[PDB]
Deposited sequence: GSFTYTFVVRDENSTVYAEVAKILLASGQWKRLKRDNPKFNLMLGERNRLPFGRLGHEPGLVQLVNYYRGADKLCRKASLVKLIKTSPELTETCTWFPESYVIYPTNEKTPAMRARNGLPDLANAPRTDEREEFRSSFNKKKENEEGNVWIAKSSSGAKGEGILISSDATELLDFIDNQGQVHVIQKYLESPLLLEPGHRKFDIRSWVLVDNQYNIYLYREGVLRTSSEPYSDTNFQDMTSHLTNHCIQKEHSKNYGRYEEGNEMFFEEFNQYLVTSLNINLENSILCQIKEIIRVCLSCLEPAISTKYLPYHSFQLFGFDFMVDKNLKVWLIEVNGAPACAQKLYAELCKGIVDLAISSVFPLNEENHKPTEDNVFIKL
């Protein structure tokens, strides 16, 4: 026992891996090195284009990284579509994902699906969204398709939620931000603490005070409706990704923290918005969280001398 693991940091802008590098030395079993020192057990790397090529080569050196190469395939708005449209065991069972299309600055099935709604009298309000980049919430197809060419960024038109479930007082809108960790073995872990971001119609609601509104103002509960469904979309998007990201054969390990973003309507339904690959958190959590990313994700590979997570 009593080993001394190494590690480097190639992303300092990251507040989440800034807090871990702190808890890391917080056990004196670790030691940071130079940004370009190959001799590492762990690498807290950059948000974009991480050099997964120089990993696994050092002999007798096992390396864990905080990103799963290719999980951008779930974090790219665009790619998020291609992925669900492709996936057979999903495209059918997919009722929680706004019909979206990627217009090449497709666009065909767009209008074709736009008319069918204009000709059946019903909501026909969409929203234009950028890949990694501006947005627009229109109803005139052409007033959009002719607006994604002025951007030249390849966007995605998505069904806008006309009937959102609001909050009282203030009668404001909101979205929930989950937090999922996936270690080297591939065990999903949902951090019990989520967070609501709201506006005027903003604050920051927490699962405790939020579950309040869902009963003493409403007729239901936080897990008897929402959590049940969230714990599914998540489980499904990841299980559909497992094949293209499994490091089961590469010469190194990797884990990652994802940030799911959902929306609920008056019908009480839950929809998925986006998934974040390098999501940050809330200042009242950076502590209880970052400790998990080391308890569950890190020390699971590199041992040490010696209720917050759900495994889907």
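- Residues 106-129, 158-161, 230-261, 367-374 of the deposited sequence, counted from 1, carry no C-alpha coordinates in the model.
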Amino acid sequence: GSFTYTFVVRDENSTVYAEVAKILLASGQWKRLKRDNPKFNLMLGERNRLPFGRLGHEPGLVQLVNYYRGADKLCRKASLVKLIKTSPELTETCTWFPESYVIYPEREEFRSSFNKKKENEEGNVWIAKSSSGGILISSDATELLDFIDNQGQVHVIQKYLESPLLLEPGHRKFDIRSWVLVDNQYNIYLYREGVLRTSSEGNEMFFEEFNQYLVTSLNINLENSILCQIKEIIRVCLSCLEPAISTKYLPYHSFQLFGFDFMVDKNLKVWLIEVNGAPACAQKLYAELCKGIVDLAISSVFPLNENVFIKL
From here on, numbers count along this sequence of modelled residues.
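- Of the two stretches examined, 66-74 and 32-40, the record assigns the greater average C-alpha temperature factor to 32-40.
- When the two stretches 280-288 and 242-250 are set side by side, the higher mean Cα temperature factor goes to 280-288.
- Looking at 232, 183, 223, 162, the one whose CA carries the top B-factor in the deposited record is 223.
- The residue among 237, 81, 196, 94 whose C-alpha atom has the highest B-factor in the PDB entry is 94.
- The deposited CA B-factor of residue 13 belongs to the highest third of values across its chain.
- Sort the chain's modelled residues by C-alpha temperature factor and residue 2 lands in the middle third, per the entry.
- For residue 200, the recorded CA temperature factor ranks within the highest third of the chain's modelled residues.
- Residue 216: CA B factor in the highest third of modelled residues in this chain (values from the PDB entry).
- Sorting the modelled residues of the chain by their CA temperature factor places residue 188 in the lowest third.
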